[PDB]
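These notes are about the structure you will find just below.
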Amino acid sequence: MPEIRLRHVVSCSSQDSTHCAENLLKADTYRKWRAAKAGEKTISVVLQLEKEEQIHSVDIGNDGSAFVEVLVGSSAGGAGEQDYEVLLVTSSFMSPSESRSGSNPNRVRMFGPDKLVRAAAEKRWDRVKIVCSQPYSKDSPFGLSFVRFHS
């Protein structure tokens, strides 16, 4: 089918144990991504793609976060974690107001072709870096509710 399927969280730069970014592999079920600690200032998590393909559209939902940047890359070289190109800059869906007056605490958004670079989106990648950004917590963690890529 013309879609994208994740395999496992290749890299993790903000994931806990019980509620880890690997829960993104199970969008439905009943678990999402949660930073490894509280004080959600910025969290990063690279997910692996079950197949190297091009990216034309994406559907990721924010779980209290506000800024969401996504980079693209392949398994080439190996655990480099430094050879990805900014497919789509950080997307601002919410802000630190939701963390104050529940102003839409849980929202979601997608990234079609207009939100992805054509010089890279059309390149077959198999690894993606997901980074959320917005200082809103301190004692409790948080992150994203789900991530769904689609070619």
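Residues in the structure tokens are numbered from 1 in each chain, the chains being A, B, ... in the order shown, and ligands are numbered from 1 in the order shown.
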task = Can you pull out every residue within 7 Å of residue 147 (chain A), counting only C-alpha atoms, but drop anything in the same chain fewer than 3 positions away, and send it as a PyMOL selection string?
result = chain A and resi 24+59-61
Let's have the selection written as an mmCIF file, in the first residue's frame, with C-alpha atoms.
```
data_model
loop_
_atom_site.group_PDB
_atom_site.id
_atom_site.type_symbol
_atom_site.label_atom_id
_atom_site.label_comp_id
_atom_site.auth_asym_id
_atom_site.auth_seq_id
_atom_site.Cartn_x
_atom_site.Cartn_y
_atom_site.Cartn_z
ATOM 1 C CA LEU A 24 4.149 5.379 19.047
ATOM 2 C CA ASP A 59 -0.117 12.922 10.475
ATOM 3 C CA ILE A 60 1.279 13.512 13.973
ATOM 4 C CA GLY A 61 -0.707 14.706 16.979
#
```
message = Residues within 6 Å of region 83-96 of chain A, please, as number ranges by chain. Count only C-alpha atoms; anything in the same chain fewer than 3 positions from it doesn't count.
response = A: 66-73, 99, 115-117, 136
Go ahead and write the selection's residues with C-alpha atoms as a short mmCIF file (atom, residue, chain, number, x, y, z; two decimals), in the first residue's frame.
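File out.cif, as written:
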```
data_model
loop_
_atom_site.label_atom_id
_atom_site.label_comp_id
_atom_site.auth_asym_id
_atom_site.auth_seq_id
_atom_site.Cartn_x
_atom_site.Cartn_y
_atom_site.Cartn_z
CA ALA A 66 3.49 23.22 20.80
CA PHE A 67 6.46 23.09 18.40
CA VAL A 68 7.12 19.89 16.41
CA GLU A 69 10.09 19.65 14.00
CA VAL A 70 10.71 16.60 11.78
CA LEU A 71 13.97 15.65 10.04
CA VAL A 72 14.54 12.86 7.49
CA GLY A 73 17.44 10.43 6.97
CA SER A 99 -0.56 24.45 30.05
CA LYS A 115 5.16 21.32 4.77
CA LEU A 116 8.02 19.10 3.48
CA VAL A 117 11.06 20.00 1.35
CA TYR A 136 5.14 23.93 29.88
#
```
request  = Would you kindly return, as a PyMOL selection string, each protein, DNA or RNA residue with an atom no farther than 12 Å from any atom of residue 18 (chain A), considering only C-alpha atoms and excluding same-chain residues fewer than 6 positions away?
outcome  = chain A and resi 30-37+141
What lies within 6 Å of region 42-58 of chain A using only C-alpha atoms, ignoring chain neighbours under 3 positions off, as a JSON list (two decimals) with C-alpha atoms, in the first residue's frame?
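What follows is the written file selection_35.json:
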```json
[["chain", "number", "residue", "atom", "x", "y", "z"],
["A", 5, "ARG", "CA", 4.86, 1.92, 8.66],
["A", 6, "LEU", "CA", 7.17, 2.48, 11.66],
["A", 7, "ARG", "CA", 9.27, -0.43, 12.99],
["A", 8, "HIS", "CA", 10.88, 0.74, 16.24],
["A", 9, "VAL", "CA", 12.27, 3.92, 17.86],
["A", 10, "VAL", "CA", 15.83, 3.91, 16.42],
["A", 11, "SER", "CA", 16.96, 6.92, 18.51],
["A", 12, "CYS", "CA", 15.40, 8.44, 21.65],
["A", 13, "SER", "CA", 16.23, 11.90, 23.08],
["A", 14, "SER", "CA", 13.32, 12.23, 25.59],
["A", 110, "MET", "CA", -0.62, 16.75, 9.55],
["A", 111, "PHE", "CA", 2.23, 17.70, 7.17],
["A", 112, "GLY", "CA", 1.53, 17.27, 3.44],
["A", 113, "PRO", "CA", 3.94, 18.21, 0.58],
["A", 121, "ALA", "CA", 10.63, 14.54, 0.71],
["A", 122, "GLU", "CA", 11.02, 12.86, -2.72],
["A", 123, "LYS", "CA", 14.24, 11.14, -1.54],
["A", 124, "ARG", "CA", 13.76, 7.63, -0.12],
["A", 125, "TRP", "CA", 14.51, 7.87, 3.63],
["A", 126, "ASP", "CA", 14.02, 5.17, 6.31],
["A", 127, "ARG", "CA", 14.72, 7.11, 9.55],
["A", 128, "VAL", "CA", 12.99, 10.24, 10.90],
["A", 129, "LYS", "CA", 13.77, 12.61, 13.81],
["A", 130, "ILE", "CA", 10.74, 13.92, 15.74],
["A", 131, "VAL", "CA", 11.46, 16.80, 18.16],
["A", 132, "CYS", "CA", 8.76, 18.55, 20.24],
["A", 133, "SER", "CA", 9.48, 22.02, 21.75],
["A", 148, "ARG", "CA", 1.65, 8.50, 11.33],
["A", 149, "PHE", "CA", 3.74, 9.01, 8.15],
["A", 150, "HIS", "CA", 2.17, 8.46, 4.69],
["A", 151, "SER", "CA", 3.91, 8.39, 1.28]]
```
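Backbone DSSP assigns helix (DSSP H, G or I) in chain A to residues 21, 22, 23, 24, 25, 26, 98, 99, 100, 101, 118, 119, 120 and 121 of chain A.
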Just write the chosen residues, N, CA, C and O atoms, as a tab-separated table (two decimals), in the first residue's frame.
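The new file out.tsv reads:
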```
chain	number	residue	atom	x	y	z
A	21	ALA	N	8.70	6.46	23.89
A	21	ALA	CA	8.37	6.83	22.48
A	21	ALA	C	8.03	5.57	21.68
A	21	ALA	O	7.32	5.63	20.70
A	22	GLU	N	8.53	4.43	22.10
A	22	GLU	CA	8.22	3.16	21.37
A	22	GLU	C	6.70	2.92	21.37
A	22	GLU	O	6.18	2.19	20.54
A	23	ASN	N	5.98	3.55	22.27
A	23	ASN	CA	4.50	3.38	22.29
A	23	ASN	C	3.89	3.97	21.01
A	23	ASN	O	2.77	3.67	20.65
A	24	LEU	N	4.65	4.78	20.31
A	24	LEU	CA	4.15	5.38	19.05
A	24	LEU	C	3.93	4.26	18.03
A	24	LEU	O	3.09	4.35	17.16
A	25	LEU	N	4.66	3.17	18.17
A	25	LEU	CA	4.48	2.02	17.25
A	25	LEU	C	3.04	1.49	17.39
A	25	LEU	O	2.53	0.83	16.51
A	26	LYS	N	2.38	1.81	18.48
A	26	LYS	CA	0.97	1.37	18.68
A	26	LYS	C	0.10	2.61	18.83
A	26	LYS	O	-0.33	2.95	19.91
A	98	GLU	N	-2.02	26.65	26.84
A	98	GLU	CA	-2.81	25.41	27.12
A	98	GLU	C	-2.35	24.83	28.45
A	98	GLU	O	-3.13	24.29	29.21
A	99	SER	N	-1.08	24.96	28.75
A	99	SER	CA	-0.56	24.45	30.05
A	99	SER	C	-1.03	25.38	31.19
A	99	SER	O	-0.82	25.09	32.35
A	100	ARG	N	-1.64	26.50	30.87
A	100	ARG	CA	-2.10	27.44	31.93
A	100	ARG	C	-3.63	27.43	32.03
A	100	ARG	O	-4.18	27.27	33.11
A	101	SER	N	-4.34	27.62	30.93
A	101	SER	CA	-5.84	27.63	31.02
A	101	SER	C	-6.47	26.55	30.13
A	101	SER	O	-7.54	26.73	29.58
A	118	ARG	N	10.83	19.52	-1.03
A	118	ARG	CA	10.67	18.61	-2.20
A	118	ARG	C	12.02	17.95	-2.52
A	118	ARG	O	12.07	16.82	-2.96
A	119	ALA	N	13.10	18.66	-2.31
A	119	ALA	CA	14.44	18.08	-2.60
A	119	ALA	C	14.72	16.89	-1.67
A	119	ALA	O	15.54	16.04	-1.98
A	120	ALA	N	14.06	16.82	-0.54
A	120	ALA	CA	14.30	15.69	0.40
A	120	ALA	C	13.06	14.79	0.48
A	120	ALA	O	13.17	13.59	0.41
A	121	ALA	N	11.88	15.37	0.62
A	121	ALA	CA	10.63	14.54	0.71
A	121	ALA	C	10.57	13.50	-0.42
A	121	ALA	O	10.09	12.40	-0.23
```
inquiry  = For the structure I just gave you, how does DSSP split chain A - specifically, which residues are strand (DSSP E)? Reply as number ranges by chain.
reply    = A: 11-13, 42-53, 57-63, 67-73, 85-92, 107-111, 125-133, 143-150
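Take CA of residue 2 (chain A) and CA of residue 81 (chain A): the distance between them is 26.6 Å.
Of note, CA of residue 65 (chain A) and CA of residue 106 (chain A) are spaced 8.3 Å apart.
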